[PDB]
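Notes follow once the structure below has been shown.
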Amino acid sequence: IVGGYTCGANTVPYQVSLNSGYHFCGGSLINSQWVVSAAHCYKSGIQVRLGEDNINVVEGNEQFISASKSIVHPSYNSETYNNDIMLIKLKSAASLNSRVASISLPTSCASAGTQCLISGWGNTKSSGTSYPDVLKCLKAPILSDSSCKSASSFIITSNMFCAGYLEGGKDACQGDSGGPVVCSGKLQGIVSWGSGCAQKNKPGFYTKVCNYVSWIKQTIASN
Ligand SMILES: COC(=O)[C@H](Cc1cccc(C(=N)N)c1)NC(=O)CNS(=O)(=O)c1ccc(C)cc1
Ligand SMILES: [Ca+2]
């Protein structure tokens with residue numbers, strides 16, 4: 001997260017860190033057994049880390065639970081990033097509390113101009129790199145489809161939306177992928193892709209979670 005602020009320990013209690021020996025992606029806890037993340041974050045040997053603030057220090061509220069199964073969306077296209085969504089089942093149920101809490105799935109799609117919360121342990125610089133130990137947060141509005149279209153050379157699908165600031169300086173970045181975009185108190189986005197971070201006229205793109213609720217509900221009903 002570039003241009004954001006220190007969230008504060010456990011103020012975003014649905015935020016997970018995905019760890020394969022090191023933090024590599026975020027995710028969102030949607031119930032005691034399931035995490036939503038980006039398909040492009042798929043890898044084997046995922047440990048899900050809940051209750052995290054400083055990812056390098058055991059602070060006392062962590063739960064570390066191994067993934068038992070990962071399910072990349074059936075139509076995930078790595079070429080275009082279309083359907084950039086994945087479900088991770090936990091080997092054992094998380095103990096839900098004030099610091100480890102689930103986020104609801106939306107029942108409708110968020111509207112243009114809505115201010116959302118984006119969070120993660122990604123790079124905090126637009127040029128070069130610096131990786132935080134504590135969770136960073138960014139408030140950012142969903143941008144109109146027409147404005148997102150002209151803000152990328154790539155082709156955008158209706159399973160994606162963009163959010164952020166065309167003036168630059170405020171964006172998600174490398175290492176935030178998979179993490180939550182929360183609007184109206186529900187999970188509306190997944191950190192998906194971008195061109196650099198916090199560059200002028202290059203806002204972030206996000207998986208439009210509202211389009212996936214049926215598939216998520218079906219899948220967790222049977223796994
Ligand atoms: C990996 O390098 C990066 O710094 C960002 C990370 C990132 C990830 C998710 C969201 C954001 C964001 N800004 N909101 C940033 N991605 C890139 O910069 C990738 N862009 S890119 O132009 O380098 C590129 C384009 C197409 C392919 C196939 C590979 C790489
Ligand atoms: Ca910790």
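Within each chain, counting starts at residue 1; across the structure tokens, chains are named A, B, ... in the order shown, with ligands numbered 1 upward in that order.
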
Distance table requested - chain A against ligand 1, cut-off 9 Å, only C-alpha atoms and all ligand atoms: one row per qualifying residue with the closest atom pair and its distance in Å to one decimal, ordered by chain and rising residue number, as a tab-separated table.
```
residue	atom	partner	partner_atom_place_in_ligand_line	distance
A:1	CA	ligand 1	14 (N)	8.3
A:2	CA	ligand 1	13 (N)	8.8
A:78	CA	ligand 1	28 (C)	8.1
A:79	CA	ligand 1	28 (C)	6.7
A:80	CA	ligand 1	28 (C)	7.8
A:81	CA	ligand 1	28 (C)	8.7
A:122	CA	ligand 1	6 (C)	8.5
A:123	CA	ligand 1	4 (O)	7.8
A:126	CA	ligand 1	4 (O)	8.2
A:129	CA	ligand 1	4 (O)	8.9
A:154	CA	ligand 1	26 (C)	8.4
A:162	CA	ligand 1	14 (N)	8.6
A:163	CA	ligand 1	14 (N)	8.4
A:164	CA	ligand 1	14 (N)	8.2
A:170	CA	ligand 1	13 (N)	9.0
A:171	CA	ligand 1	14 (N)	5.3
A:172	CA	ligand 1	14 (N)	4.0
A:173	CA	ligand 1	15 (C)	3.7
A:174	CA	ligand 1	6 (C)	3.6
A:175	CA	ligand 1	8 (C)	6.9
A:176	CA	ligand 1	9 (C)	6.5
A:177	CA	ligand 1	9 (C)	5.1
A:178	CA	ligand 1	9 (C)	8.3
A:191	CA	ligand 1	9 (C)	5.7
A:192	CA	ligand 1	9 (C)	4.9
A:193	CA	ligand 1	9 (C)	3.5
A:194	CA	ligand 1	12 (C)	3.8
A:195	CA	ligand 1	20 (N)	3.8
A:196	CA	ligand 1	18 (O)	3.5
A:197	CA	ligand 1	13 (N)	3.7
A:198	CA	ligand 1	13 (N)	6.1
A:199	CA	ligand 1	13 (N)	7.8
A:202	CA	ligand 1	13 (N)	7.4
A:203	CA	ligand 1	14 (N)	6.2
A:204	CA	ligand 1	14 (N)	3.3
A:205	CA	ligand 1	14 (N)	5.9
A:206	CA	ligand 1	10 (C)	7.7
```

What's the 10 Å shell around residue 83 (chain A), counting only C-alpha atoms, without same-chain residues fewer than 5 positions away, as a tab-separated table (two decimals) with C-alpha atoms, in the first residue's frame?
```tsv
chain	number	residue	atom	x	y	z
A	38	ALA	CA	-6.59	-13.92	-5.82
A	39	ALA	CA	-6.12	-16.85	-8.15
A	40	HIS	CA	-2.75	-15.36	-9.19
A	72	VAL	CA	-8.76	-21.44	-8.15
A	73	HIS	CA	-11.83	-20.20	-9.99
A	74	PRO	CA	-12.74	-22.63	-12.77
A	75	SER	CA	-12.42	-19.93	-15.47
A	76	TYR	CA	-9.39	-18.10	-14.14
A	77	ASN	CA	-7.43	-16.76	-17.12
A	78	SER	CA	-3.87	-15.84	-16.17
A	157	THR	CA	-13.71	-7.21	-18.14
A	158	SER	CA	-16.96	-6.82	-16.23
A	159	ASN	CA	-15.46	-9.03	-13.48
A	160	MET	CA	-13.06	-6.22	-12.59
A	192	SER	CA	-5.82	-8.09	-8.48
A	207	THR	CA	-11.76	-8.62	-8.84
A	208	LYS	CA	-15.47	-7.74	-8.59
A	209	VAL	CA	-16.50	-10.11	-5.78
A	211	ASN	CA	-20.10	-11.54	-9.46
A	212	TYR	CA	-18.71	-14.56	-7.55
```

Interatomic distance (Å, one decimal) between CA of residue 23 (chain A) and CA of residue 215 (chain A): 27.1 Å

Residue contacts of region 7-13 of chain A (12 Å, only C-alpha atoms) excluding same-chain residues fewer than 2 positions away, as number ranges by chain: A: 1, 4-5, 15-17, 27-31, 49-55, 59-63, 96-103, 117-121, 132-139, 179-182, 185

Shell around residue 210 (chain A) at 9 Å using only C-alpha atoms, local window under 4 positions removed, as a count of residues only: 11

Per-residue DSSP, region 85-157 of chain A, filtered to strand (DSSP E or B), as an NGL selection string: :A and (86-90 or 97 or 100 or 104 or 115-120 or 136-142)

Using the selection just defined, write its residues with C-alpha atoms as a compact mmCIF listing (two decimals), in the first residue's frame.
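This went into result10.txt:
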```
# COMPACT_ATOMS: atom_id res chain seq x y z
CA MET A 86 -9.39 -18.35 -5.29
CA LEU A 87 -10.86 -20.09 -2.21
CA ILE A 88 -8.61 -21.56 0.46
CA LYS A 89 -10.05 -23.98 2.98
CA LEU A 90 -8.45 -24.12 6.41
CA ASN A 97 -12.93 -13.30 18.31
CA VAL A 100 -10.05 -12.56 14.06
CA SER A 104 -19.52 -10.84 4.69
CA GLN A 115 -15.17 4.90 -0.58
CA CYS A 116 -13.66 1.53 0.20
CA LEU A 117 -11.00 0.23 2.56
CA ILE A 118 -7.97 -1.50 1.02
CA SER A 119 -5.35 -3.16 3.17
CA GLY A 120 -2.18 -5.22 3.09
CA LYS A 136 -1.28 -0.63 6.01
CA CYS A 137 -4.65 0.84 5.03
CA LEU A 138 -5.93 3.02 2.23
CA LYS A 139 -9.31 4.66 1.64
CA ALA A 140 -10.10 4.85 -2.08
CA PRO A 141 -13.18 5.41 -4.22
CA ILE A 142 -14.40 3.02 -6.90
```

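The residues of region 2-213 of chain A that DSSP classifies as helix (DSSP H, G or I), using the backbone of this structure, are residues 39, 40, 41, 145, 146, 147, 148, 149, 209, 210, 211, 212 and 213 of chain A.
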